[PDB]
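Reckoned from all heavy atoms, side chains included, excluding hydrogens, waters and symmetry mates. Within every chain, numbering begins at 1; the chains are lettered A, B, ... in the order of the sequence lines, protein sequences first and strands thereafter.
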Amino acid sequence: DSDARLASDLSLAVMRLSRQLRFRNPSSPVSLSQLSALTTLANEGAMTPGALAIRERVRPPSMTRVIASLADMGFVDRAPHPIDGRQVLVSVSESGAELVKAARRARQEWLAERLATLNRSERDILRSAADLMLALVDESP
Amino acid sequence: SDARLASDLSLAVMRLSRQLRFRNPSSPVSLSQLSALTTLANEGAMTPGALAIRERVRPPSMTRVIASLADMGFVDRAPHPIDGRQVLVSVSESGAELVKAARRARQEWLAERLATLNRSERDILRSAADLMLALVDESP
């Protein structure tokens, strides 16, 4: 009963809050999808376009265009794959890596401002909540 | 330490929303198209210009999203951003149903995960859900 309502409310809250945090790309010529691909590439390291498409759950034609756009802006490099495949490996450039870190700082600074409008008790609840939510994604199959 | 609360909470919400996103049923819409559709369904009819502002995408990108959604029959029309500037776009019945279907999939998966926690932990998440909505000024 209130089980259903907690799943509804918590899902809503995390989607709505994350929506705002995704919007914390400092203005920049990269889209939401481009930044997401870049972030994955930066955090997980060099990979092929096919693997990246899979990691993002986007189909290869769409991801190949994202990659091309990121490369054009110099945010991702391309190198031939060692071991003749013959695939390409894509990785973040230093401007790409810096962009991902800049975006993360931006989310953090934005969030801190919002959290400051709450009292200490509320922030304490969100601390426990943050730990639990992190555990939930860790523990998911 | 409130510094680390901004860091951890952001990380948690980015990762969890990522998992919930992945539970959206397979569909012919991209993430950006779904977002526009969802906004349109939950907040109501708007002009293409208003939808673009709401989605924080540049008007040319939004015109193609709107056009694509009309093509798929998920919105009633796709007015030209100049010639139709003052025309309202709304979700169709199939579009609204897509949005509701996605919403159910996310919450049902989440309910399964929440069931692995104890009552005290769920109490915390219950309070946190309200607080997080308040953070984005989206309280009732």
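With a threshold of 4.5 angstrom between heavy atoms, B/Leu31 does not approach chain A through any atom at all. Contacts of A/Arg104 with chain B are made by side-chain atoms alone, with heavy-atom separations under 4.5 Å and no backbone atom involved. For chain B, the nearby part of A/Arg19 is the side chain; its heavy atoms alone come within less than 4.5 Å. With a threshold of 4.5 angstrom between heavy atoms, B/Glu121 approaches chain A through its backbone and through its side chain. The parts of A/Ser2 that come within reach of chain B are both its backbone and its side chain, each placing non-hydrogen atoms under 4.5 angstrom from that chain. Looking at B/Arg119, neither its backbone nor its side chain comes within 4.5 Å of chain A, counting heavy atoms on both sides. Of the atoms belonging to B/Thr39, it is side-chain heavy atoms, and not backbone ones, that fall under 4.5 Å from chain A. Heavy atoms of B/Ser30 lying under 4.5 Å from chain A are absent altogether. Of the two parts of B/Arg4, the backbone and the side chain both hold a non-hydrogen atom closer than 4.5 Å to a non-hydrogen atom of chain A. Both the backbone and the side chain of A/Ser8 come within contact range of chain B, each with at least one heavy atom under 4.5 Å from a heavy atom of that chain. Interface residue B/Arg122: backbone and side-chain heavy atoms are both found under 4.5 Å from chain A.
Note on A/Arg127 versus A/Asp124: no salt bridge recorded, every NZ/NE/NH1/NH2 to OD/OE distance being 4.0 Å or above. The residues B/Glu43 and A/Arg16 are annotated as salt-bridged, a charged nitrogen and a carboxylate oxygen being separated by less than 4.0 angstrom. Electrostatic pairing of A/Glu94 and A/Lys101 does not count as a salt bridge here, judged by no charged N lying under 4.0 Å from a carboxylate O.
Of the residues A/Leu21, A/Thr39, A/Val137, A/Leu17, the one that meets the side chain to side chain contact (heavy atoms under 4.5 Å, CB included) test with B/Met14 is A/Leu21.
Defined by atom type and a distance below 3.5 Å, a donor-acceptor pair is present between the side-chain atoms of A/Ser140 and B/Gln19.
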Subject >> A/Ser28 and A/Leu99: CA distance, side-chain angles, deciding distance, side-chain contact (heavy atoms from CB on, under 4.5 Å) verdict >> reply: CA-CA 9 Å; A/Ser28 197; A/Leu99 189 49; 4.0 Å; yes
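Taking chain A as the reference chain and counting heavy-atom pairs below 4.5 Å, the highest number among B/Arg21, B/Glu108, B/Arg58 is found for B/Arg21. Counting heavy-atom pairs under 4.5 Å between each of B/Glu112, B/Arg104, B/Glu55 and chain A puts B/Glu55 at the top. Top candidate by heavy-atom pairs under 4.5 Å with chain B, chosen from A/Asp9, A/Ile125, A/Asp131, A/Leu118, is A/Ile125. With chain B as the partner, the residue from A/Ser62, A/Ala116, A/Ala135, A/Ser18 showing the most heavy-atom pairs under 4.5 Å is A/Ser18.
Going from atom CZ of A/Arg114 over to atom CG of B/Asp137 covers 7.5 Å, rounded to the nearest 0.5 Å. Residue B/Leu9 holds its CG atom at 5.5 Å from CG of A/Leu126, rounded to the nearest 0.5 Å. Summarising the geometry, atom CG belonging to B/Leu69 is positioned 8.0 Å from atom CG belonging to B/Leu40; distances are rounded to the nearest 0.5 Å.
Counting non-hydrogen atoms of other residues, nucleotides and ligands closer than 6.0 Å to CZ of B/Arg56 gives a total above 12.
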